[PDB]
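Engineer: I am attaching a structure below and will ask some questions about it afterwards.
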Number of protein chains: 2
Amino acid sequence: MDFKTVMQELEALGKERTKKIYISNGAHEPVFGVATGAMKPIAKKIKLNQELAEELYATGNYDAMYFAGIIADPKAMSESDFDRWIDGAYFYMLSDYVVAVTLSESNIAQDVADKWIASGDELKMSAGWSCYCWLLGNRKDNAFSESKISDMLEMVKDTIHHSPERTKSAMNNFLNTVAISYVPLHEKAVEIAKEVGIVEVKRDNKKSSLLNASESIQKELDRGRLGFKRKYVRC
Amino acid sequence: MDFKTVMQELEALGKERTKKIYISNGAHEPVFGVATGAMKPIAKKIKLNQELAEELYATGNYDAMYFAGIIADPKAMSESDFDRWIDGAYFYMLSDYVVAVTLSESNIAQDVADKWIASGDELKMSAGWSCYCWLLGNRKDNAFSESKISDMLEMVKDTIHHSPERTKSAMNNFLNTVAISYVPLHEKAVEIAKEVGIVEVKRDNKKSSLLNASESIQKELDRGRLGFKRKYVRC
């Protein structure tokens, strides 16, 4: 399995309806429209290869870029590498579900995430908040500072409604994840979600997403998932 | 590990925050309030033990009962054994997340689930519909007859709004799961959900839940989860 065969199989796996959805979300050609679950068999056959990942990411093809994140070697990627990737994440599916998930598995996750949240750039900030969501699922609470997370909750409470569209989404995912995956602040997260209320994420040529963190949190509790931690399911 | 050791360790893991929520969901004493993640290393040491599972299930303690499901041997459990268990499942967390999940790993899942769905008993039916949701995420489509699943979708449309509260919740989960995990009927499921509209699940001591299968299915599609099959995570 190399670049050639991967690009060929990915294309074969694509479908028109999944393709229209991605494009609907902000993706642009080239794109095949591959459902994530279909990549598991290919992933299984490829050992982390940063060279291959780079090549795939460089195609500018969303599906290939998504797959690149799966087979990347995050422990070998430097801050510089991540800035190259994030600079190529043209829409949220890339910044939140690809770059941020990969970063969450590096040794510099929090440092990069933090500079990105402070960058003032919508997608970079979105990837940053997103990274924290994945981190809270990958690591024990003991790997984080309670006061830091707590100050982040307050920042979200005071600024989510005025943040860039994509950033609001990531920030809302942060509220949910802290409430469910970082129990030390469960009560506060619930309290702030109630204070935040409905968060609207405006989208191009489609109904905006009306996010309800309080509701989401409550649904997770109904499923008995308080304290539930798990890595992001990539495929 | 023996019964006594397992019960000690479970109690040692109990925490008030978790317990409070379980009781809020419907559990009653005796209950410790154990986070499922912490049961993983314990179950790993036990693997399968039906005798221990039975002893644990008979305690009437939610956590012990939940753990019993994890270490059970569903391939050795008969239809009568499953009926004993469902008779002890006093609330949805037991019927849907314990009995239904264990059943989904047996060789008689569908026959039993079908009997339960037709039983007319709120919790047995809830377990039946839940079982199918778990089956759809842990098995290839070749395991399900399209004609049969399609009839089940019709049955949901014509009976969900008048169904017992917990059955309604499980039926709504069926709609969502078929739409995403069983592609042969993705359009049909999407259609049935549109016709069904908002599903309300009442629950004393709390404001009724207003389920919107159409939107949920849409959020999954947006992320590229069409055809995605996720095996139920017990711990």
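Following the order of the structure tokens, chains are lettered A, B, ..., residues in each are numbered from 1, and ligands are numbered from 1.
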Pull out every residue of chain A sitting within 9 Å of chain B, counting only C-alpha atoms, and send them as a list in words.

Structural biologist: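 In the required form, that comes to residues 18, 21, 22, 24, 25, 33, 34, 35, 36, 37, 38, 93, 183, 219, 221, 222, 223, 224, 225, 226, 227, 228, 229 and 235 of chain A.
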
Engineer: Would you mind listing what lies within 10 Å of region 83-86 of chain A as JSON, numbers by chain, with only C-alpha atoms counted and same-chain residues fewer than 3 positions away left out?

Structural biologist: {"A": [54, 57, 58, 65, 69, 78, 79, 80, 89, 90, 91, 94, 95, 96, 98, 99, 100, 112, 116, 123, 124, 127]}

Engineer: So which residues touch residue 169 (chain B) within 10 Å, counting only C-alpha atoms, skipping near sequence neighbours fewer than 5 positions away, as a ChimeraX atom specification?

Structural biologist: /B:92,126,129-130,160,163-164,174,199-202,209-211

Engineer: Between CA of residue 189 (chain B) and CA of residue 177 (chain B), measure the distance and give it in Å to one decimal.

Structural biologist: 9.0 Å

Engineer: Check the DSSP output for the backbone and give back, as a PyMOL selection string, the residues of region 23-233 of chain B in strand (DSSP E or B).

Structural biologist: chain B and resi 199-203+206-211

Engineer: Go ahead and dump the residues you just picked, C-alpha atoms, as a compact mmCIF listing (two decimals), in the first residue's frame.

Structural biologist:
# COMPACT_ATOMS: atom_id res chain seq x y z
CA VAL B 199 -41.11 11.94 19.86
CA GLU B 200 -41.79 12.80 23.52
CA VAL B 201 -40.46 10.64 26.31
CA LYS B 202 -41.90 11.57 29.69
CA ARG B 203 -39.98 10.87 32.88
CA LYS B 206 -37.76 15.60 35.10
CA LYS B 207 -39.05 17.52 32.09
CA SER B 208 -40.04 15.19 29.26
CA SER B 209 -37.44 14.58 26.55
CA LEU B 210 -38.28 15.79 23.03
CA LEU B 211 -36.55 13.50 20.53

Engineer: Within 10 Å of region 3-10 of chain A, counting only C-alpha atoms, which residues qualify if same-chain residues fewer than 3 places away don't, as a list in words?

Structural biologist: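 The neighbour list is residues 13, 14, 31, 32, 33, 34, 35, 38, 39, 42, 43, 46, 51, 52, 53, 55, 56, 59, 61, 63, 64 and 67 of chain A.
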
Engineer: Would you compute the distance between CA of residue 157 (chain B) and CA of residue 217 (chain B)? Give it in Å to one decimal.

Structural biologist: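 Separation between CA of residue 157 (chain B) and CA of residue 217 (chain B): 16.0 Å.
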
Engineer: Pick out the residues sitting within 9 Å of residue 188 (chain B), and hand them over as a list in words; count only C-alpha atoms, and ignore anything fewer than 5 positions along from it in its own chain.

Structural biologist: residues 150, 153, 179 and 193 of chain B

Engineer: Keeping N, CA and C atoms, export the residues of the selection given above as a CSV table (one decimal), in the first residue's frame.

Structural biologist:
chain,number,residue,atom,x,y,z
B,150,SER,N,-37.6,-3.4,7.3
B,150,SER,CA,-38.5,-2.4,6.8
B,150,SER,C,-39.9,-2.5,7.4
B,153,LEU,N,-39.7,-0.8,10.7
B,153,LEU,CA,-39.8,0.6,10.6
B,153,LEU,C,-41.2,1.1,10.5
B,179,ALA,N,-31.2,4.2,10.0
B,179,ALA,CA,-30.8,5.2,9.1
B,179,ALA,C,-29.3,5.3,8.9
B,193,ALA,N,-38.8,8.7,9.7
B,193,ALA,CA,-38.5,9.7,10.7
B,193,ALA,C,-39.1,11.0,10.5

Engineer: Quick one: residues within 9 Å of residue 110 (chain A), only C-alpha atoms counted, chain neighbours fewer than 2 positions away excluded, as an NGL selection string?

Structural biologist: :A and (103-104 or 107-108 or 112-115 or 128 or 131-132 or 135)

Engineer: List every residue of region 10-226 of chain A that DSSP, applied to the backbone of this structure, places in alpha helix (DSSP H), and write the result as a ChimeraX atom specification.

Structural biologist: /A:10-13,16-25,40-44,50-58,62-71,79-87,92-94,100-103,109-117,122-138,146-159,165-181,186-196,213-222
